[PDB]
Each structure stands twice: as structure tokens, then as C-alpha cells.
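First up is the structure itself, then whatever we jot down about it.
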Amino acid sequence: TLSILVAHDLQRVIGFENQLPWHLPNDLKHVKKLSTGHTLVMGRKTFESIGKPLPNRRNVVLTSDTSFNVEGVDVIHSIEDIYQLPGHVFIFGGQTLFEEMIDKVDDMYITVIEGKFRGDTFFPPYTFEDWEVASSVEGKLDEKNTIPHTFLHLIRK
Ligand SMILES: NC(=O)c1ccc[n+]([C@@H]2O[C@H](COP(=O)([O-])OP(=O)(O)OC[C@H]3O[C@@H](n4cnc5c(N)ncnc54)[C@H](OP(=O)(O)O)[C@@H]3O)[C@@H](O)[C@H]2O)c1
Ligand SMILES: CCOc1ccc(C=O)cc1-c1cc2nc(N)nc(N)c2cc1C
């Protein structure tokens, strides 16, 4: 299976100055639950943003840099390389990867951040005419997690 994994706000903002615009521990827990034991494919900027590979899963970085050879990270240099990766592969960002992959993926695991943030990078537009809502689950709020959010699993019709 090839899936997108993304958090975007009400206006599809995903990032600002190479980081997330929001602090939301529960979204990171969601990512952990979905992708542990599986594969993440990410662009070079996203990787440099996190700074090290995420534990307990295969981290794959897409870059044109032929000098890229980082411990605990597998590198790929083409979109076409993604299709040779076994198991459940999650397209992990950022904007460029999402734009390149949204027409190719089986499904999407979206965390809708129910706020309006300043962004400089965006998830591409999509329509529910093309995507069935397999599930929609409201995130629980508390002291550590104060921004309303909804976990959507969308499957291409
Ligand atoms: N909210 C979220 O779900 C989420 C998730 C991840 C990231 N983000 C945010 O997204 C933003 C970053 O997005 P971005 O678009 O600027 O960068 P990005 O997608 O993370 O990385 C862009 C880089 O990926 C590489 N790349 C992409 N397609 C390629 C291809 N076909 N062949 C070779 N290399 C390719 C290139 O690296 P080289 O220049 O080295 O060739 C390119 O410059 C940040 O603000 C970050 O915080 C948000
Ligand atoms: C680009 C900055 O994003 C991060 C920085 C730190 C951490 C820490 O776990 C996680 C993220 C992060 C959260 C994310 N959350 C969701 N729902 N989906 C993603 N595709 C995603 C990707 C990254 C990279």
C-alpha cells in the first residue's frame, strides 16, 4: 500500500520556515502509531527539519544530492524508486513530495488541524468527490493538546 500521511490546517497550510506551524503532541503519537514498523518516504527539506531518522521504521529520503549518504537513512533519487519499496509506504512530506504523489497514492491519513495558521507551504487542493471517508475521528483535547483536530482516513474512489 502507498499512502499519504499529512497534517494540514483549515486552509491546507502544512509548514512555516521548515517546521510545523503548530505544537500538537497527539499528532506525533498518531504518526508513531501508523508508521512504526513501516516505511516513510520524505523530501530532503523534511528530513533536514527532523534532523535524524525516526526510530523503529525505515526512513527513505528523496534528494538529487548524490553525496547524500546518512546513517540509518536510505536514499532514493527518483519518484519511480518509491514503487520498488516493499510493505506499507507512507509519503511523509513535504509540499513538493505531496504535490508529486497525491495523484498516485491509494489513500491518505490526514490530520485536519482545525485552525488557521501562517504558512509558507501547503498541501495541494483535493475534493471529497474523489475520496471516500473511511473514518473520521475527533482528536481529544487537553492541556498538552489544545488545538482541535480530526484524524481522517480517505480512500481514493
Ligand atoms: N504538516 C505536515 O504534514 C508536514 C510534513 C512534512 C513536511 N512539512 C513541511 O513541509 C515544508 C517542506 O516542504 P518542501 O516542499 O519545502 O520540501 P520537501 O518536500 O520536504 O523537500 C524538497 C526536496 O525534496 C527533494 N525532492 C523532491 N522531489 C524530488 C525528485 N523528484 N527528485 C529528486 N529530489 C526530489 C529535493 O531535494 P534536493 O534539493 O536535495 O534535491 C527538494 O528540494 C516544511 O515547512 C515542513 O515543515 C509538513
Ligand atoms: C517538517 C517538520 O515536521 C515534523 C517535525 C518533528 C516531528 C517529530 O516527531 C514530526 C514532524 C512531522 C509530523 C507529521 N505529522 C503528520 N500528521 N504527517 C506528516 N507527514 C508529518 C511529518 C513530519 C515530518
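Both ligands and their constituent atoms are indexed starting at 1 by order of listing. Every heavy atom of this structure was used, including side-chain atoms; hydrogens, water molecules and symmetry mates were not. Residue numbers start at 1 and run along the sequence shown.
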Within 4.0 Å of some non-hydrogen atom of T111, the atoms of ligand 2 are 17 (N)
I need the nearest protein heavy-atom contact for atom 6 (C) of ligand 1: residue, atom name and distance, please. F92 O, 3.2 Å
Considering only protein heavy atoms, determine whether one is less than 4.0 Å from atom 27 (C) of ligand 1. yes
For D27 and ligand 2, does the shortest N/O to N/O distance drop below 3.5 Å? yes
N/O of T63 under 3.5 Å from N/O of ligand 1, yes or no? yes
When rounded to the nearest 0.5 angstrom, what is the spacing between CD1 in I110 and NE2 in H30? 9.5 Å
Just by distance, with hydrogens left out, do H149 and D27 show a side-chain donor and acceptor under 3.5 Å apart? no
Would one find more than 12 heavy atoms of other residues, nucleotides or ligands at under 6.0 Å from atom NZ of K32? no
Polar contact flag for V6 and ligand 1 (N/O pairs, less than 3.5 Å): no
Quick one: does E100's side chain have a donor or acceptor within less than 3.5 Å of a partner on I79's backbone? no
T46 versus ligand 1: do any nitrogen or oxygen atoms come within less than 3.5 Å of each other? yes
Counting both backbone and side chain atoms, is some N or O of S49 under 3.5 Å from an N or O of ligand 1? no
Please report which non-hydrogen protein atom sits nearest to atom 16 (O) of ligand 1, along with the residue it belongs to and the distance in Å to one decimal place. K45 CD, 3.5 Å
May I ask you to identify, for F68, whether its side chain, its backbone, both or neither come under 4.0 Å of ligand 1 on a heavy-atom basis? neither
Heavy atom of the protein closest to atom 23 (C) of ligand 2 (residue, atom name, distance): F92 CZ, 3.5 Å
Starting from atom 31 (N) of ligand 1, find the nearest protein heavy-atom neighbour and note its residue, name and distance. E100 OE2, 3.0 Å
Taking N26's backbone N and O only, do any of them form a donor-acceptor pair with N145's side chain (distance below 3.5 Å, no angle check)? yes
What is the nearest protein non-hydrogen atom to atom 1 (C) of ligand 2, stated with its residue, atom name and distance? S49 CB, 3.8 Å
Spatial distance of atom CD1 (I113) from atom CZ (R12) [nearest 0.5 Å]: 15.0 Å
Closer than 4.0 Å to some heavy atom of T46 - which atoms of ligand 2 meet that? 24 (C)
So, for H8 and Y126, is the gap between ring centers shorter than 6.0 Å? yes
Straight-line distance of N18 CG to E48 CD, nearest 0.5 Å: 10.0 Å
Closest by any non-hydrogen atom to atom 35 (C) of ligand 1: pick that one out of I91, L62, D81. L62
Backbone N/O of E17 and side chain of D120: donor-acceptor pair under 3.5 Å: yes
Closest to atom 3 (O) of ligand 1 among protein heavy atoms sits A7 N, 2.9 Å
Which segment of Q19 sits under 4.0 Å of ligand 1 when only heavy atoms are counted: backbone
Check whether more than 12 heavy atoms from other residues, nucleotides or ligands sit under 6.0 Å from atom CD of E114, and answer yes or no. yes
Applying a 4.0 Å heavy-atom criterion (strictly less than), which segment of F123 is in contact with ligand 1: side chain, backbone, both, or neither? neither
Around atom 7 (C) of ligand 2, find the nearest protein heavy atom and jot down its residue, atom name and distance. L28 CD2, 3.9 Å
Show the nearest heavy-atom pair for residues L141 and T146, with the distance to one decimal. CD1-O, 4.2 Å
Give the residue, atom name and distance (to 0.1 Å) of the protein heavy atom nearest atom 11 (C) of ligand 2. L20 CD1, 3.8 Å
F90 ring center within less than 6.0 Å of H88 ring center: yes
For atom 5 (C) of ligand 2, the protein heavy atom that lies nearest, with its residue and separation: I50 CG2, 3.9 Å
Do the side chains of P21 and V13 get nearer than 4.5 Å, heavy atoms only? yes
Nearest heavy atom to atom 37 (O) of ligand 1 wins, so pick from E17, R44, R12. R44
Side chain, backbone, both or neither: which part of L5 has a heavy atom under 4.0 Å from ligand 2? both
